[PDB]
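Asks: One structure, as structure tokens, below. Some questions next.
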Amino acid sequence: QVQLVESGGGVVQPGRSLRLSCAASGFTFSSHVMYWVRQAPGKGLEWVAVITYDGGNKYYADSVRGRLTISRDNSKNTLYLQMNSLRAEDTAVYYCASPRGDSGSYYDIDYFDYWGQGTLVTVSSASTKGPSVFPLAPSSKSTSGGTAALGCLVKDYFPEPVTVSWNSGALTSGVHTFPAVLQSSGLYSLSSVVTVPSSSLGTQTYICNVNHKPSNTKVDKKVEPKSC
Amino acid sequence: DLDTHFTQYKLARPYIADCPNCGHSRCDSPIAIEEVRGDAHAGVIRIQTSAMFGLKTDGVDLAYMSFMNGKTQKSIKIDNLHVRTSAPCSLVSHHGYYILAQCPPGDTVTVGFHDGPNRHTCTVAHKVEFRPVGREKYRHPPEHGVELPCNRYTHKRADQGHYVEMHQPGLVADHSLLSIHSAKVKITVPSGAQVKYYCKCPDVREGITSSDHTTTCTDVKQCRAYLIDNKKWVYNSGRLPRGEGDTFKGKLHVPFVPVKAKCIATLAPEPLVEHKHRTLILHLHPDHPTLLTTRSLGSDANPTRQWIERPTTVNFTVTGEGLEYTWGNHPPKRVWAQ
Amino acid sequence: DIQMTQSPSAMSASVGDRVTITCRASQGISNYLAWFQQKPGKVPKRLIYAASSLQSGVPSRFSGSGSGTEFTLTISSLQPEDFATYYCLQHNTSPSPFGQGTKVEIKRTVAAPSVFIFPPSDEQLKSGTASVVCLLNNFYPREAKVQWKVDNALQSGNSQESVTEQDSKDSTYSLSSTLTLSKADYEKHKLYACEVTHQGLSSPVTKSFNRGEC
Amino acid sequence: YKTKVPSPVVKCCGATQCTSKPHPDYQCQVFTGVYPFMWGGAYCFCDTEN
Ligand SMILES: *[C@@H]1O[C@H](CO)[C@@H](O)[C@H](O)[C@H]1NC(C)=O
């Protein structure tokens with residue numbers, strides 16, 4: 001089976017350098033054109049670069065020209081992307097890809113058939129920080145038609161991801177964990193909310209379980225109605 | 001049969017290179033001569049032209065020729081193909097890049113059909129000398145005479161004694177592709193081609209594309225139109241720019257390899273012997289400069305070897321030990337004395 | 001450079017519908033173009049190449065048309081697995097840009113958002129920051145406008161929104177808007193309101209609280 | 001013998017260092033400042049970098 005496996009992604013500061021790698025197997029790597037494609041969080045695909053079977057020609061998107069360098073080592077079945085002078089705009093999942101497994105010198109018409117799972121590059125000056133978890137308390141203002149909403153605000157963490165569960169995963173119905181937003185501080189924030197019967201607020205305990213693996217932070221936050 | 005040579009017949013492409021003496025000066029002729037091999041004996045020459053003889057575009061033929069005018073292979077009936085030397089030659093057979101011909105002695109070899117509205121010939125400076133096989137420095141193969149084991153090129157084509165390389169053609173330039181649309185330059189592709197766009201203005205320098213147009217640059221003289229036609233392959237000629245990629249394989253068999261045939265050699269007139277006391281008077285009437293070799297049969301060889309052209313009488317001291325002399329291609333003989 | 005323009009940027013369709021996605025190149029690309037389907041969190045998968053060659057193993061319901069500058073992907077009968085983002089790619093030249101992508105979402109009946117407002121927690125206020133959260137729950141279509149008002153003054157530049165992917169069961173969206181203030185600015189004002197405009201609402205719905213009221 | 005010359009390689013701008021092939025009597029050399037005309041007109045316009 002054809003496989004591509006990206007590695008070397010992570011958190012890097014602006015202006016620093018990072019080197020991505022992509023190991024290839026199940027095809028004759030040294031005979032085929034190789035490509036990098038990136039996808040910024042919540043954006044469309046962006047073509048980054050291409051390199052020939054021999055490495056003799058190399059092309060780049062104008063957004064990355066002079067900062068990114070594509071290379072390969074045919075003896076190691078490995079593609080590389082050297083990234084220099086990284087910017088916040090370079091924050092993306094980078095995918096290693098190739099055409100269908102058939103060869104050429106400076107020609108291709110089978111663009112992008114086989115791909116890797118992608119590796120996340122995050123360009124930020126932020127350091128690893130655990131979230132602060134605050135209750136979104138149910139109230140008369142968060143009640144509609146016999147349904148109450150309650151939640152947890154998971155604020156000021158870096159990097160992604162956090163995981164949020166409710167009642168250790170026993171509560172899944174009506175749960176919405178929103179995509180994280182990048183704040184102007186360079187820290188992420190998200191909310192997780194759940195809708196529950198208003199009659200259950202006095203009898204059922206609601207706990208959000210927040211886990212941020214990068215900082216080893218686990219927080220279990222009980223969400224109760226605000227006592228007046 | 002004839003169609004059992006598809007490797008050179010299908011895949012090869014008539015290429016065009018820089019003939020040194022194309023008519024008046026060095027043009028780019030479709031019949032650029034390369035690798036003249038006049039190393040045979042009887043005067044048969046193998047010429048590796050840049051045109052592809054024999055095969056029509058439509059698979060195979062022999063009464064046709066494929067030469068490249070422009071970006072396309074304008075194949076025609078072969079009709080008046082000249083092979084010239086100091087005197088005009090007489091071609092024997094033609095197979096793709098190679099054409100085997102028999103020529104008289106000379107110092108220049110020129111090739112050219114005459115497509116009719118135009119000539120399209122080519123020459124090259126290369127001496128051609130023809131030493132006949134044997135002891136007689138003749139000039140032309142005679143009607144009769146003895147035969148000797150000469151070496152020459154077979155007229156047969158279905159051989160695989162030797163092979164030659166054939167890889168992807170290089171980036172042929174073609175200025176005629178840089179047209180303009182009165183606002184910007186327009187590139188074009190005839191069919192399946194994938195041209196390269198390059199221009200002097202600060203713009204996309206790579207420009208690998210099918211049918212497309214320039215970004216900003218406008219001056220035709222400030223651009224380059226490189227053409228890619230990797231569908232066919234050409235000979236590894238030293239007058240054509242290398243493709244930037246891989247040496248594509250495919251061994252084109254050499255149609256005319258040397259073989260050890262038998263040529264008819266001349267036969268010098270018989271000498272007139274006249275015996276004399278311990279002396280062999282030999283009357284000689286050579287027709288062409290012929291080697292004469294004699295050696296004593298005794299303990300001391302006492303060799304004697306000298307070319308003789310003008311009729312002359314030579315004498316030798318034949319002792320009681322005996323003497324041997326080989327006049328021309330005649331078999332050797334021996335003599336005594338009293 | 002070449003640019004690829006896709007129309008529409010998003011569309012809503014039902015199962016069984018004929019979907020037509022158009023891609024336009026800024027310069028001629030002959031037929032050296034391909035189409036890719038991407039599902040949320042997955043790698044792209046190629047569906048068509050050469051502007052009409054269907055990829056081996058891809059369903060016969062996918063089809064492609066056009067040449068030169070204008071190209072199309074046609075899904076003849078949209079299946080439940082076809083709700084995804086579709087990209088065109090030109091492959092005539094390097095650089096080889098993708099289009100912006102066309103998102104095909106599940107069409108459902110209009111659903112009005114359930115609107116909820118959450119005051120900042122007393123724990124957050126001890127940290128010197130106040131986050132006010134407005135939740136729009138289970139609405140369709142995705143187009144919703146949230147407007148923060150503090151003492152009836154319209155807020156700008158101090159809120160961030162996040163929207164879920166389309167729910168796999170009810171085909172709705174949920175939206176969270178977070179107004180972020182300093183504790184000092186939160187303590188200066190009294191009335192905090194989230195005003196929601198959506199097609200399923202006959203008039204804008206306002207949810208509000210007074211600071212320090214229960 | 002026979003002097004088999006492979007097709008020569010030309011780059012429009014910037015040099016090209018040669019490698020010592022294991023061929024018998026493999027003689028390699030680089031030329032600069034060439035401005036090769038061929039077929040359709042000139043091949044390059046880097047008049048010094050050719
Ligand atoms: C024989 O040899 C003598 C001495 O070299 C020479 O002068 C003469 O011409 C030769 N031939 C005859 C026919 O005597």
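Convention: chains lettered A, B, ... in structure tokens order; per-chain residue numbering from 1; ligands numbered from 1 as shown.
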Neighbours of ligand 1 at 6 Å or closer, counting only C-alpha atoms and all ligand atoms: which residues, as an MDAnalysis selection string?
Replies: chainID B and resid 313:315
Asks: From the DSSP assignment of the backbone, select every residue of region 59-255 of chain B that is strand (DSSP E), and format the answer as a PyMOL selection string.
Replies: chain B and resi 64-66+76-77+82-84+90-102+106-112+122-128+147-148+152-153+163-164+166-167+172-173+179-180+185-186+196-199+223-227+234-235+252-253
Asks: Residues at most 12 Å from residue 42 (chain D), counting only C-alpha atoms, excluding those fewer than 5 positions away in the same chain, as a PyMOL selection string?
Replies: (chain B and resi 172-176+221-226) or (chain D and resi 12+34-37+47+50)
Asks: Would you output that residue set with N, CA, C and O atoms, as a PDB file, in the first residue's frame?
Replies:
```pdb
ATOM      1  N   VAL B 172      14.061  22.398 -27.424  1.00  0.00           N
ATOM      2  CA  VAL B 172      14.223  23.090 -28.705  1.00  0.00           C
ATOM      3  C   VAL B 172      13.642  24.498 -28.601  1.00  0.00           C
ATOM      4  O   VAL B 172      12.520  24.668 -28.139  1.00  0.00           O
ATOM      5  N   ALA B 173      14.385  25.522 -29.006  1.00  0.00           N
ATOM      6  CA  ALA B 173      13.858  26.881 -29.057  1.00  0.00           C
ATOM      7  C   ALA B 173      13.046  27.127 -30.333  1.00  0.00           C
ATOM      8  O   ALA B 173      13.400  26.634 -31.400  1.00  0.00           O
ATOM      9  N   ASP B 174      11.985  27.926 -30.250  1.00  0.00           N
ATOM     10  CA  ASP B 174      11.223  28.351 -31.426  1.00  0.00           C
ATOM     11  C   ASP B 174      10.669  29.770 -31.254  1.00  0.00           C
ATOM     12  O   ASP B 174       9.603  30.000 -30.686  1.00  0.00           O
ATOM     13  N   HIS B 175      11.379  30.749 -31.817  1.00  0.00           N
ATOM     14  CA  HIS B 175      10.953  32.167 -31.647  1.00  0.00           C
ATOM     15  C   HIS B 175       9.539  32.394 -32.198  1.00  0.00           C
ATOM     16  O   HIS B 175       8.822  33.251 -31.634  1.00  0.00           O
ATOM     17  N   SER B 176       9.132  31.659 -33.241  1.00  0.00           N
ATOM     18  CA  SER B 176       7.832  31.931 -33.872  1.00  0.00           C
ATOM     19  C   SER B 176       6.638  31.772 -32.922  1.00  0.00           C
ATOM     20  O   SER B 176       5.546  32.247 -33.232  1.00  0.00           O
ATOM     21  N   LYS B 221      11.201  40.420 -28.353  1.00  0.00           N
ATOM     22  CA  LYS B 221      12.660  40.290 -28.274  1.00  0.00           C
ATOM     23  C   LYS B 221      13.214  40.163 -26.849  1.00  0.00           C
ATOM     24  O   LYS B 221      14.377  39.814 -26.680  1.00  0.00           O
ATOM     25  N   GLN B 222      12.405  40.436 -25.828  1.00  0.00           N
ATOM     26  CA  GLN B 222      12.751  40.258 -24.419  1.00  0.00           C
ATOM     27  C   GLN B 222      12.146  38.982 -23.832  1.00  0.00           C
ATOM     28  O   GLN B 222      11.933  38.901 -22.630  1.00  0.00           O
ATOM     29  N   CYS B 223      11.872  37.964 -24.637  1.00  0.00           N
ATOM     30  CA  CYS B 223      11.311  36.704 -24.160  1.00  0.00           C
ATOM     31  C   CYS B 223      11.967  35.480 -24.811  1.00  0.00           C
ATOM     32  O   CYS B 223      12.778  35.588 -25.730  1.00  0.00           O
ATOM     33  N   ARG B 224      11.630  34.297 -24.294  1.00  0.00           N
ATOM     34  CA  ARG B 224      12.050  32.993 -24.804  1.00  0.00           C
ATOM     35  C   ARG B 224      10.858  32.060 -24.900  1.00  0.00           C
ATOM     36  O   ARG B 224      10.050  31.983 -23.979  1.00  0.00           O
ATOM     37  N   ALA B 225      10.793  31.332 -25.999  1.00  0.00           N
ATOM     38  CA  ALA B 225       9.805  30.303 -26.250  1.00  0.00           C
ATOM     39  C   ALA B 225      10.553  28.980 -26.412  1.00  0.00           C
ATOM     40  O   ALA B 225      11.124  28.705 -27.468  1.00  0.00           O
ATOM     41  N   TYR B 226      10.581  28.164 -25.363  1.00  0.00           N
ATOM     42  CA  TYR B 226      11.122  26.812 -25.463  1.00  0.00           C
ATOM     43  C   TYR B 226       9.987  25.822 -25.667  1.00  0.00           C
ATOM     44  O   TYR B 226       8.939  25.933 -25.041  1.00  0.00           O
TER      45      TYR B 226
ATOM     46  N   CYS D  12      20.871  28.663 -19.366  1.00  0.00           N
ATOM     47  CA  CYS D  12      20.825  30.052 -19.785  1.00  0.00           C
ATOM     48  C   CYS D  12      21.535  31.003 -18.839  1.00  0.00           C
ATOM     49  O   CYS D  12      22.254  31.882 -19.297  1.00  0.00           O
ATOM     50  N   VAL D  34      29.300  31.849 -24.001  1.00  0.00           N
ATOM     51  CA  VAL D  34      28.692  31.363 -25.241  1.00  0.00           C
ATOM     52  C   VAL D  34      27.300  31.968 -25.408  1.00  0.00           C
ATOM     53  O   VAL D  34      26.565  32.098 -24.442  1.00  0.00           O
ATOM     54  N   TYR D  35      26.908  32.328 -26.623  1.00  0.00           N
ATOM     55  CA  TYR D  35      25.570  32.837 -26.923  1.00  0.00           C
ATOM     56  C   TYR D  35      25.009  32.030 -28.091  1.00  0.00           C
ATOM     57  O   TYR D  35      25.115  32.443 -29.241  1.00  0.00           O
ATOM     58  N   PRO D  36      24.547  30.801 -27.860  1.00  0.00           N
ATOM     59  CA  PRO D  36      24.261  29.898 -28.951  1.00  0.00           C
ATOM     60  C   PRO D  36      22.990  30.323 -29.672  1.00  0.00           C
ATOM     61  O   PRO D  36      21.913  30.318 -29.086  1.00  0.00           O
ATOM     62  N   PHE D  37      23.089  30.663 -30.950  1.00  0.00           N
ATOM     63  CA  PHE D  37      21.922  30.682 -31.825  1.00  0.00           C
ATOM     64  C   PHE D  37      21.580  29.256 -32.224  1.00  0.00           C
ATOM     65  O   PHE D  37      22.471  28.434 -32.411  1.00  0.00           O
ATOM     66  N   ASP D  47      23.737  37.327 -21.411  1.00  0.00           N
ATOM     67  CA  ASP D  47      24.914  37.448 -22.273  1.00  0.00           C
ATOM     68  C   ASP D  47      26.272  37.183 -21.586  1.00  0.00           C
ATOM     69  O   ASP D  47      27.246  36.830 -22.242  1.00  0.00           O
ATOM     70  N   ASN D  50      25.488  32.978 -19.370  1.00  0.00           N
ATOM     71  CA  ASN D  50      25.378  31.773 -20.180  1.00  0.00           C
ATOM     72  C   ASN D  50      26.598  30.863 -20.044  1.00  0.00           C
ATOM     73  O   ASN D  50      27.743  31.296 -20.185  1.00  0.00           O
TER      74      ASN D  50
END
```
Asks: Give me, as a ChimeraX atom specification, all polymer residues having an atom no more than 9 Å from residue 115 (chain C), counting only C-alpha atoms and skipping those fewer than 3 positions away in the same chain.
Replies: /A:142-144 /C:134-137,194,196,205-207
Asks: Could you work out which residues of chain A fall inside 6 Å of chain C? Count only C-alpha atoms, and format the result as a ChimeraX atom specification.
Replies: /A:44,47,61,136,142,178,228
Asks: How would the residues just picked look written out with N, CA and C atoms as a PDB file, in the first residue's frame?
Replies:
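Just written: out.pdb:
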```pdb
ATOM      1  N   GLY A  44      -9.517  27.218   2.977  1.00  0.00           N
ATOM      2  CA  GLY A  44      -9.322  26.325   1.829  1.00  0.00           C
ATOM      3  C   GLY A  44      -7.884  25.825   1.668  1.00  0.00           C
ATOM      4  N   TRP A  47      -1.756  25.498  -2.419  1.00  0.00           N
ATOM      5  CA  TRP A  47      -0.592  24.849  -3.018  1.00  0.00           C
ATOM      6  C   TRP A  47       0.688  25.563  -2.569  1.00  0.00           C
ATOM      7  N   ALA A  61       4.772  28.778  -4.378  1.00  0.00           N
ATOM      8  CA  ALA A  61       3.787  29.851  -4.385  1.00  0.00           C
ATOM      9  C   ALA A  61       4.449  31.189  -4.016  1.00  0.00           C
ATOM     10  N   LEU A 136     -20.222  28.586  32.898  1.00  0.00           N
ATOM     11  CA  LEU A 136     -21.342  29.294  32.289  1.00  0.00           C
ATOM     12  C   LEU A 136     -22.604  28.816  32.999  1.00  0.00           C
ATOM     13  N   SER A 142     -30.764  32.043  30.670  1.00  0.00           N
ATOM     14  CA  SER A 142     -30.316  30.914  29.860  1.00  0.00           C
ATOM     15  C   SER A 142     -31.349  29.789  29.815  1.00  0.00           C
ATOM     16  N   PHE A 178     -17.561  24.251  20.892  1.00  0.00           N
ATOM     17  CA  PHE A 178     -17.244  25.137  19.788  1.00  0.00           C
ATOM     18  C   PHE A 178     -15.776  25.025  19.370  1.00  0.00           C
ATOM     19  N   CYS A 228     -28.573  33.285  44.273  1.00  0.00           N
ATOM     20  CA  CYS A 228     -28.858  34.662  44.637  1.00  0.00           C
ATOM     21  C   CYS A 228     -28.801  34.844  46.151  1.00  0.00           C
TER      22      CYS A 228
END
```
Asks: When you get a sec, could you note down which chain A residues fall within 12 Å of chain B, using only C-alpha atoms, as a short mmCIF file (atom, residue, chain, number, x, y, z; two decimals) with N, CA and C atoms, in the first residue's frame?
Replies:
```
data_model
loop_
_atom_site.label_atom_id
_atom_site.label_comp_id
_atom_site.auth_asym_id
_atom_site.auth_seq_id
_atom_site.Cartn_x
_atom_site.Cartn_y
_atom_site.Cartn_z
N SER A 31 11.33 8.06 -8.46
CA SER A 31 10.84 8.20 -9.83
C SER A 31 9.71 9.22 -9.99
N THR A 52 10.77 18.02 -8.57
CA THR A 52 10.94 16.95 -9.57
C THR A 52 11.54 15.68 -8.97
N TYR A 53 11.45 14.57 -9.70
CA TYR A 53 11.99 13.26 -9.29
C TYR A 53 13.49 13.33 -8.93
N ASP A 54 14.27 14.12 -9.66
CA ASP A 54 15.70 14.32 -9.43
C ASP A 54 16.03 15.54 -8.55
N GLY A 55 15.06 16.41 -8.22
CA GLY A 55 15.36 17.59 -7.45
C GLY A 55 15.90 18.76 -8.25
N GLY A 56 16.05 18.62 -9.57
CA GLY A 56 16.70 19.59 -10.44
C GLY A 56 15.88 20.85 -10.68
N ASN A 57 14.55 20.78 -10.59
CA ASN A 57 13.67 21.95 -10.58
C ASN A 57 12.73 21.94 -9.37
N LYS A 58 12.45 23.15 -8.88
CA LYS A 58 11.72 23.46 -7.66
C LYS A 58 10.88 24.70 -7.88
N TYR A 59 9.60 24.66 -7.53
CA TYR A 59 8.70 25.80 -7.70
C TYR A 59 7.91 26.04 -6.43
N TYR A 60 7.48 27.28 -6.24
CA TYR A 60 6.92 27.78 -4.99
C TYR A 60 5.79 28.77 -5.24
N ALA A 61 4.77 28.78 -4.38
CA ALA A 61 3.79 29.85 -4.39
C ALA A 61 4.45 31.19 -4.02
N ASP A 62 3.98 32.29 -4.60
CA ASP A 62 4.55 33.61 -4.32
C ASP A 62 4.45 34.00 -2.83
N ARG A 65 7.69 32.05 -1.49
CA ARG A 65 8.94 32.18 -2.26
C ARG A 65 9.99 32.96 -1.46
N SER A 103 5.80 7.91 -13.82
CA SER A 103 6.96 8.82 -13.82
C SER A 103 7.04 9.80 -15.00
N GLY A 104 7.94 10.77 -14.89
CA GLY A 104 8.26 11.76 -15.92
C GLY A 104 9.43 12.66 -15.49
N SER A 105 10.05 13.37 -16.43
CA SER A 105 11.20 14.25 -16.16
C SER A 105 10.78 15.66 -15.72
N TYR A 106 10.06 16.39 -16.58
CA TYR A 106 9.51 17.74 -16.31
C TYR A 106 8.10 17.87 -16.88
N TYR A 107 7.28 16.87 -16.59
CA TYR A 107 5.90 16.72 -17.05
C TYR A 107 5.07 16.00 -15.98
N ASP A 108 3.81 16.41 -15.82
CA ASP A 108 2.82 15.78 -14.95
C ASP A 108 1.41 16.20 -15.38
N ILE A 109 0.49 15.25 -15.48
CA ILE A 109 -0.95 15.50 -15.65
C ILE A 109 -1.82 14.67 -14.68
#
```
Asks: Enumerate, in order of chain and increasing residue number, the residues of chain B with an atom no farther than 7 Å from chain C, each with its shortest atom pair and distance in Å to one decimal, counting only C-alpha atoms, as JSON lines.
Replies:
```
{"residue": "B:207", "atom": "CA", "partner": "C:93", "partner_atom": "CA", "distance": 7.0}
{"residue": "B:208", "atom": "CA", "partner": "C:93", "partner_atom": "CA", "distance": 5.5}
{"residue": "B:209", "atom": "CA", "partner": "C:93", "partner_atom": "CA", "distance": 4.9}
{"residue": "B:210", "atom": "CA", "partner": "C:92", "partner_atom": "CA", "distance": 6.2}
{"residue": "B:211", "atom": "CA", "partner": "C:28", "partner_atom": "CA", "distance": 6.7}
{"residue": "B:212", "atom": "CA", "partner": "C:28", "partner_atom": "CA", "distance": 5.6}
```
Asks: Show me, as an MDAnalysis selection string, the residues of chain D whose atoms get within 10 Å of chain B, using only C-alpha atoms for the distance check.
Replies: chainID D and resid 2:11 37:46
